[PDB]
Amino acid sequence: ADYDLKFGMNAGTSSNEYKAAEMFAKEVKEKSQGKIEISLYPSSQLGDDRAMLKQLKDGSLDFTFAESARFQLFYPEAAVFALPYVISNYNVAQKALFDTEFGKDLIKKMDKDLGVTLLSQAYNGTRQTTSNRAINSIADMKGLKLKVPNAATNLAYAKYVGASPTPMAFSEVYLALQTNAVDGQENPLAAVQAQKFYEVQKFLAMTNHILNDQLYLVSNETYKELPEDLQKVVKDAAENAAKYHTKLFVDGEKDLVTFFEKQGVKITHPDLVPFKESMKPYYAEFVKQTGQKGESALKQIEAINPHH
């Protein structure tokens, strides 16, 4: 086709993220009357989110996904998006990004500094903790070899609750869990299902610790080359796909607890009071290390009312 574009993602071909990406690709091809084709490159074939973000800056990849929190890699105060228990729900994540001065400044910085245009935002689940032994209480986290992604906020989650974080790549996790070289991991339910981590974890704790969004991103290199009518086609299709993306996650969080129960998994509901208490020292370190931009991002996020 005239523009042969590529969409890279960490997620696999059974994931919600991929399904929404298929919808995005399909609308774009149609409403562009065939001028744009978007091919999918899942399962981190192109490298992980960090790597793919660098390919979008360079212009060697055209689209990818990223959480708002992943931009803590460049702007330390963007960690606020993933300080555990700080963002209440997805309504708060939406207003954080689009309706605060911090948020709006982060978007403009994404474009001018990092070579990426934010097209849409979806919901990608609330993270929970699976494991090979029960998590009845925060005490059960002691010495747990918990698999985390390569991100400072997830490592901090593990540390401060008394677990032993082993960072690793997503594609590696399943075997690690099965052999028990690690004891647990902490994705939203959707990914626990997509990656089938429920086949090699008898236990799931509802730790509700981090709220993931997902941003549909396009390389500026690619976006600037598209005529404005085709820019609007890609922009609209990204908003349509985001809304669908959010619905897949919302509908699944209802039904998946029962799906895991049927699959022989044992669900616990530990007291979150001490989880939340364990993090105050981390919030203090966060303000200490990120300074006044950081206390100003927290202030703006904590002021957002979580009720629609």
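Just count from 1 along the sequence shown to find any residue number.
Annotation for 61 to 69 versus 249 to 257: the higher mean temperature factor (C-alpha) is found in 249 to 257.
Judged by mean Cα B factor in the deposited record, 279 to 287 ranks above the other of 236 to 244 and 279 to 287. Annotation for 171, 231, 120, 128: 171 ranks highest, by Cα B-factor. Highest CA B-factor among 53, 265, 28, 40, as stated in the entry: 265. Per-chain ranking of the deposited C-alpha B factor places residue 81 in the lowest third. Per-chain ranking of the deposited C-alpha B factor places residue 178 in the highest third. In the deposited entry, the Cα temperature factor of residue 161 sits in the top third of values across the chain's modelled residues. Sorting the modelled residues of the chain by their CA temperature factor places residue 224 in the middle third. When the CA B factors of the chain's modelled residues are split into thirds, the value for residue 124 lands in the lowest one.
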